[PDB]
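See structure below.
Cβ placement follows ideal geometry from the backbone for every residue including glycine, while neighbour counts extend to all protein chains displayed. What follows is calculated from the coordinates using simple rules that are stated; it is not laboratory data.
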Amino acid sequence: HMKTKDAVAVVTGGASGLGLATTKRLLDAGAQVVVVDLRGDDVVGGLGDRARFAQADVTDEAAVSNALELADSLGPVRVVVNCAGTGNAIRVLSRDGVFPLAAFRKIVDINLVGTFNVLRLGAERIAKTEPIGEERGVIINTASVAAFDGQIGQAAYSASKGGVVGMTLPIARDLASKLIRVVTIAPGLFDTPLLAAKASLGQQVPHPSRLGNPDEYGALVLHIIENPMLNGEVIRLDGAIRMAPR
Amino acid sequence: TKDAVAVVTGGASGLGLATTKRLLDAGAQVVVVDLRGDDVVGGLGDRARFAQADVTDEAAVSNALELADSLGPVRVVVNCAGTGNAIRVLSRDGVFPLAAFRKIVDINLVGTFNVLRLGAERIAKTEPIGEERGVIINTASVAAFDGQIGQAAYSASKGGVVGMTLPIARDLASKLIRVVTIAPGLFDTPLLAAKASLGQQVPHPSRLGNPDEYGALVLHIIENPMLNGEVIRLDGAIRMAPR
Ligand SMILES: NC(=O)c1ccc[n+]([C@@H]2O[C@H](COP(=O)([O-])OP(=O)(O)OC[C@H]3O[C@@H](n4cnc5c(N)ncnc54)[C@H](O)[C@@H]3O)[C@@H](O)[C@H]2O)c1
Ligand SMILES: NC(=O)c1ccc[n+]([C@@H]2O[C@H](COP(=O)([O-])OP(=O)(O)OC[C@H]3O[C@@H](n4cnc5c(N)ncnc54)[C@H](O)[C@@H]3O)[C@@H](O)[C@H]2O)c1
């Protein structure tokens, strides 16, 4: 637990869904965790005195920087997990009109720009730490199988997640000399509030034929933290599903 | 992992040995399947057994699986046996020999399929524990994606391992058997029997992989029910250049 015990993690989207499960796994591994989210202070307040909540939109650099002052005050920042995100499902062409430009921009801004914003500012905080052996820290991003298998309606969602995939390797290369790994998880179908018919959804997953449990995402995050050789890679976490057009 | 039986090919050396040790530490009984290494495996204690077999020999592999089945329910199969190769397509002394290409494909690709298919037959006979009967983990290589000059046969064999991962996961899904492939980058094993400068080319960590890091990923795959039908590069972010 070298990069968690006595260290600080920042989890965006950490008050719900995949981020909440990750927060819990990190706390169980001994880290202090700053949850960065639009909302969820009550949930995070039930997680004990090693968790803190920072209200911030990941697309707002001043709010993210303020959250990172809090994180730094707790100890050396060594883990950043980008789970904040949203989706839409809109056809390119419809009788109602063309996919609105502002809707495409919004999804790209939150999912792609917001991830880069927290990554770049978080990397600055990790880079100033003393190495523990050969490592300063690790940044984990959330893409989606939609980066590869995008369905009808997913133009903006897939663009945003494809951007997260595409930037993983250059950022890993860029941060390598500072001893910061960068890895991306591409989840398949998980039982989170994002899916707020769910049973028939899970039947389409080859095996296990169910929605993913958010704790399985958190477990993979922890393995990435603990495995020094995982870097510059995207890992599908998806029960072998491949998403069909519909 | 406890109470279950695992089979590790290539388990007497390198990545397979580190995997065997991790599985034994997790409480499993392990049958090591290898061309040699009785002495190495004898030092691993009572929960490890050695079965001599060429992975391309279906009778010898079946005999190893009979031993495994006699210990308990077979739930984990790890394919680490393999060999490397570096021959140019054209060179002064002639064309890459067809027999050399066949040999690497036979050991690395056909041998992996042989152990996978016979291992799956044993896993499928077990009772599920919750939602799973077992998991099969294969070893590809970054050469499946980044093949260098000289690697025509090695990359062909490892690209075949990658290509068959999804259809086999789909095929075995109703029997509750996951299939995942690891694609290692550069690891400090007897396969590499100059190494310092090789490690310097890995972005981060800038060293050869420790076989235990491969074993750790194997154990995570076993413990994470959602990993299935996927290939995972384990490589320090390296991308192999032509030379
Ligand atoms: N659940 C799935 O099936 C699934 C599949 C593929 C990818 N994902 C991705 O996983 C990540 C987590 O989603 P989830 O399923 O946990 O959903 P979720 O809605 O439960 O959690 C997302 C969290 O992000 C927060 N958030 C949203 N926009 C934000 C912003 N601008 N700034 C700060 N916080 C913000 C939300 O308030 C929420 O707490 C997302 O990136 C999502 O796209 C989820
Ligand atoms: N070491 C690396 O840098 C590296 C990189 C990418 C992939 N790999 C792959 O990882 C796997 C493990 O290799 P390693 O590095 O541990 O090498 P290794 O030589 O240390 O171990 C391989 C083992 O497989 C056994 N073996 C070979 N052919 C066999 C056969 N026909 N039947 C049974 N056993 C056989 C050998 O006796 C040996 O014990 C191989 O598939 C290799 O191609 C290794």
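Beyond 31 Å, what share of the Cα-Cα pairs of the protein assembly as shown remains, rounded to the nearest whole percent?
Numbers: 54173 of 119316 pairs.
Roughly 45 percent, rounded to a whole number.
What is the log10 of I(q)/I(0) for the stretch B:18-133, computed with the Debye formula using one identical point scatterer on each Cα and no solvent, at q = 0.15, 0.18, 0.19 Å⁻¹?
For the requested q values the scattering log ratios are -0.72, -0.94, -1.02.
Consider all pairwise Cα distances in chain A and report the whole-number % of them above 23 Å.
On the way: 14175 of 30135 pairs.
Roughly 47 percent, rounded to a whole number.
Taking 20 °C and 1.002 mPa s as the conditions, I'd like the Stokes-Einstein D for the stretch A:195-243 in µm²/s, using the Kirkwood hydrodynamic radius from alpha carbon pairs.
Numbers: Rh = 12.4 Å.
Estimated diffusion coefficient is 173 µm²/s.
Residues of the stretch A:207-243 with amide nitrogen under 13 Å from the 7 Å Cα-to-Cβ point of A:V165?
A:233-237, A:242-243
Quick one: dipole size for the stretch A:69-137, taken about the Cα centre, charges +1 on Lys/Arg Cβ and -1 on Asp/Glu Cβ, in debye to the nearest 20. List each step's numbers first, then the result.
On the way: 9 positive and 8 negative charges, 84 e Å.
It works out to roughly 400 debye.
Step through the residues of the stretch B:155-161 one at a time and calculate ³J(HN,Hα) from phi using the Karplus curve (6.51 cos²θ - 1.76 cosθ + 1.60, θ = phi - 60°), rounding each to whole Hz and writing x for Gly and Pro.
So the J values, rounded to whole Hz, are 5, 4, 5, 6, x, x, 4.
Which one, B:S157, B:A53, B:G130, is farthest towards the positive end of the dipole of chain B when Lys and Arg carry +1 and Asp and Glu -1 on their Cβ?
Value computed over the given set: B:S157.
Looking at the protein assembly as shown, send over the antiparallel percent of its DSSP beta bridges, to the nearest 5.
10
On average, how many beta carbons from a partner chain sit within 10 Å of the beta carbon of a residue in A:201-208?
Details: counts 0, 0, 0, 0, 3, 10, 17, 9.
Whole-number average of other-chain Cβ neighbours for A:201-208 is 5.
Which percent of the Cα-Cα distances in the stretch B:91-184 go past 22 Å? Before the final figure, lay out each step's value.
Values: 1609 of 4371 pairs.
I get 37 percent for the Cα pairs in the stretch B:91-184 exceeding 22 Å.
Apply the Karplus parameterisation 6.51 cos²θ - 1.76 cosθ + 1.60, with θ equal to phi minus 60°, to every residue of the stretch A:50-55 and state each ³J(HN,Hα) to the nearest whole Hz, in sequence, with x for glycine and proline.
The phi angles translate into 9, 10, 9, 10, 10, 6 Hz.
Go through B:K2/B:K175; B:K21/B:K103; A:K106/A:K161 and tell me which ones have a Cα-Cα distance over 18 Å in this structure.
B:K2/B:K175; B:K21/B:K103
Once phi is turned into ³J(HN,Hα) by the Karplus curve 6.51 cos²θ - 1.76 cosθ + 1.60 with θ = phi - 60°, what whole-Hz value does each residue of the stretch A:204-219 show in order, with x for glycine and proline?
7, 7, x, 6, x, 7, 6, 5, x, 8, x, 4, 5, 5, x, 5
Ranking request for peptides B:4-12, A:145-153, B:36-44: highest mean number of other beta-carbon atoms within 10 Å first, then the rest in descending order.
Numbers: B:4-12: 28.9, A:145-153: 17.8, B:36-44: 13.9.
Descending mean neighbour count gives B:4-12, A:145-153, B:36-44.
Assuming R0 = 45 Å, what is the FRET efficiency of A:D174 and A:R50, from their Cβ-Cβ distance, to the nearest 0.05? Please report the intermediate quantities before stating the final value.
Details: r = 31 Å, r/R0 = 0.69.
Taking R0 as 45 Å, the efficiency between A:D174 and A:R50 is 0.90.
Per-residue mean of other chain beta-carbon atoms within 10 angstrom of the beta-carbon, peptide A:221-230?
Values: counts 0, 1, 8, 2, 0, 3, 7, 8, 22, 10.
Mean inter-chain Cβ contacts per residue within 10 Å come to 6.
Using DSSP, restrict attention to beta bridges with both residues in chain B and report what percent are antiparallel, rounded to the nearest 5. Don't skip to the end; give the middle numbers.
On the way: 3 of 33 bridges.
Roughly 10 percent of the DSSP beta bridges within chain B come out antiparallel.
Take peptides B:156-167, B:22-33 and line them up by average Cβ neighbours within 10 Å, highest first, as a rough protection proxy. Write down the numbers at each step before the final one.
On the way: B:156-167: 19.7, B:22-33: 22.7.
The peptides rank, most packed first, as B:22-33, B:156-167.
Starting from the amide H of B:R233, placed 1.01 Å from N in the peptide plane, find each other amide H under 5 Å away whose residue is 5 or more places distant or on another chain.
B:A183
Among B:89-101, A:57-69, B:217-229, how do they line up by average Cβ neighbours within 10 Å per residue, starting with the highest? Spell out each step's value before the answer.
On the way: B:89-101: 10.2, A:57-69: 17.5, B:217-229: 23.2.
Those peptides, ordered most packed to least, come out B:217-229, A:57-69, B:89-101.
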